[PDB]
């Protein structure tokens, strides 16, 4: 009889964000998924019922005094436990009605494809990490309402008591309250350049069409990570932002990109590929958008990545159900514009959350085409494990819905350092120095956010 029970309250976005900051201060582990520019929902998880950590074939589920552990595919280990908490969808509640919020490391891909063990794991990022929530606050930006949601079995005055405690917590103004390690070096310029030349050799030879090659920069963290998040929200607000805090690492995510969503049977992915800086004039913007959309090399790159996503979603979709409902729109983000497409499919009966992740993860747009060969080349060339970079942050619903971003425009804070990773799409005619500089430019929002925070 397990089901979600929710209360809808009129509420202001800024009240929600301020109350989150105040409440989260007393919580060792918490997460915010924020729609800071576009998007409908912002999701606060304060008090987890469980912590799920998977690394190198071992998964731990910490739930009160109990720590459950099992070997194998960490997501399969997670799913077999998580299935016991499954619920029916309440169509009155938001898309997220309770469940797991966290991340899949890029290195979760090692359970999907056979990877060589070449790149150095110096950050020891979990392969999966989820906070599981019966109790959540979901802000609906479209209805300007706060949903407070709990879970019960059978008993319905049980629900009302818990919802009253959540109301007390969220609708009561909170008092005025007060507020090292050694890692591998970045890819050198010479190292990156020699890797660009190696990728071009593989392209010439017909192994791949395009590879995202990335560089990991780091600075000393001199301010609280949440301050960096608040700055990034100002510098570059995005529809798939996230802040996740634990004692060992914090994540400051400014992603604009959806990897995959599932609402009932409907699967969607939203590949972004092709870019220009916004104009000064908001008419310059029309002409820059017009230039981007008439640019045959950006269109070719975009169509290639849409085909790759069609094939990925096709692996778990009813035959003939995969459609591009939105093909090659320009969408203006805070400081750039992108070519963006929307790819939909109907989930074939018998495929579950793990099957969907195995089909689409990691995203085509941050590896290359074809994906499996591209990941082999990345692993051969990049000196360090990607970890969270080009992984996915999001949620698994108890009702079997899900929603994951792609981790780009993200700072990972651990061991007194802030880590910032960005890449460039290497192609047949790439100039090593151009792609090196292009990866530093992609890191601007994040180094800027850091500098402003002091």
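Residue numbers count along the first chain shown, from 1.
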Note how many residues of the deposited chain are left out of the model between residue 157 and residue 158; the options are none, 1 to 3, 4 to 9, and 10 or more.
none
Between 47-55 and 60-68 (mean CA B-factor, as deposited), the higher:
60-68
Higher of the two mean Cα B-factors (277-285, 294-302; per PDB record) comes from 277-285
Which listed residue, 105, 114, 255, 231, has the largest C-alpha temperature factor in the record?
114
For the listed residues 326, 245, 268, 127, which one has the largest C-alpha B-factor as given in the deposited model?
326
Ranking the modelled residues of this chain by C-alpha B-factor as given in the entry, is residue 369 in the lowest, middle or highest third?
middle
Residue 83 by Cα B-factor - lowest, middle or highest third of the modelled chain
middle
For the chain shown, is the CA B-factor of residue 98 in the lowest, middle or highest third of its modelled residues?
lowest
How does residue 433 rank on Cα B-factor within its chain, lowest, middle or highest third?
highest
Which third of the chain does residue 261 land in by C-alpha B-factor: lowest, middle or highest?
lowest
